[PDB]
Every structure is written in C-alpha cells, then in structure tokens.
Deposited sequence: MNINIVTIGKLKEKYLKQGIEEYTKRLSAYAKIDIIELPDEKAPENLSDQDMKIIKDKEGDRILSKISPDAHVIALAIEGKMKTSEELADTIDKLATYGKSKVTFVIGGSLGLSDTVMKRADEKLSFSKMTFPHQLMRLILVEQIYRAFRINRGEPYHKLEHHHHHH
C-alpha cells in the first residue's frame, strides 16, 4: 500500500527530523510513505483556506484519517485491524491528516472517513508526526505477524 501524511508546517527541531527519517525508512519496507509538508497561514477564514489547501492534496481514492481529539481512541491492535481491513478490500491508499495550530476546517473533517485520537493530552504537532509514523510502522509489524 501507500501511506500519505498531510501535515501543517515544516519540521524545525533536528531530533524529530532524524527520528522521523528513521521510522520512515523502516515503514518503507512494508509500504510506500510520503509526508506532504505544506506551508501554514472570527479568524476561521484561515482555517477554512488551510482546509481547502489540505483537500487539494487528498486523493479521491484515499481512505482519510484525520487526527483530532474529538476522535475515536483506537488501540494499536485496532489501528492495525483497520489497515488490514482496508487492504482486504480495494483500499490501497491511506492518508493521515495532521492539522496545525488553528485546527481542521469543517470541510476536511467532512471528507475524512474517520477521526482518530492519539491522546486526551496535548502534544506539539511536530511530535505528533513522529508518534504517528512510529505507530503506522507498528501497525504493519502487527499485521505481518511480527513480534514487537
């Protein structure tokens, strides 16, 4: 399959860039991974604009998973389950959406096939990216039946 992560803002701190580099390399063995890093920025007109800027990158064929706190908190086994089930049917494209400070436009949310929540806590989106990649790498390991 081929995974796409559409995020907001460019990674600043090097330790995160390196960490993501690593997992991306690892996940690369199980499927294709591409991280679309697009530029950022009462005032929801910016949220909405960013919302169309994201949709511009989303494939009509991709099963979209937007990261949001009002989302379903799946287990690692459940995220793995979801991906396996998508492979079972023709769903070879999976795209994850990580909003920015502002958040995600109602339009992006409407397009999303599902909302996933990683925690009740707040994490900087730079870090959320690193967690997300690792987690997807973990989902595939689970699915390939590897102990990890």
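Unmodelled regions (deposited sequence positions with no C-alpha coordinates, counted from 1) are 42-50, 158-167.
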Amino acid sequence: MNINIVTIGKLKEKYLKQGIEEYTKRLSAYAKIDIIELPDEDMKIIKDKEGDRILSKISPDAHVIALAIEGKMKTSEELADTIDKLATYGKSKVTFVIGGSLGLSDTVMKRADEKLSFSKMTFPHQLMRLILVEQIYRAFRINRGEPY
From here on, numbers count along this sequence of modelled residues.
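The mean C-alpha temperature factor is higher for 95-103 when 95-103 and 25-33 are set side by side. Relative to its counterpart among 52-60 and 77-85, 52-60 has the higher mean temperature factor, C-alpha atoms as listed in the PDB entry. In the PDB entry, the Cα temperature factor peaks, among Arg111, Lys120, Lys47, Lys115, at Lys47. For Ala68, the recorded CA B-factor ranks within the middle third of the chain. Only modelled residues enter the ranking. Sort the chain's modelled residues by C-alpha temperature factor and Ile142 lands in the lowest third, per the entry. Per the PDB record, residue ranking by Cα B-factor puts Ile5 in the lowest third of the chain. Per the deposited record, the Cα B-factor of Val133 falls in the lowest third when ranked against the other modelled residues of its chain.
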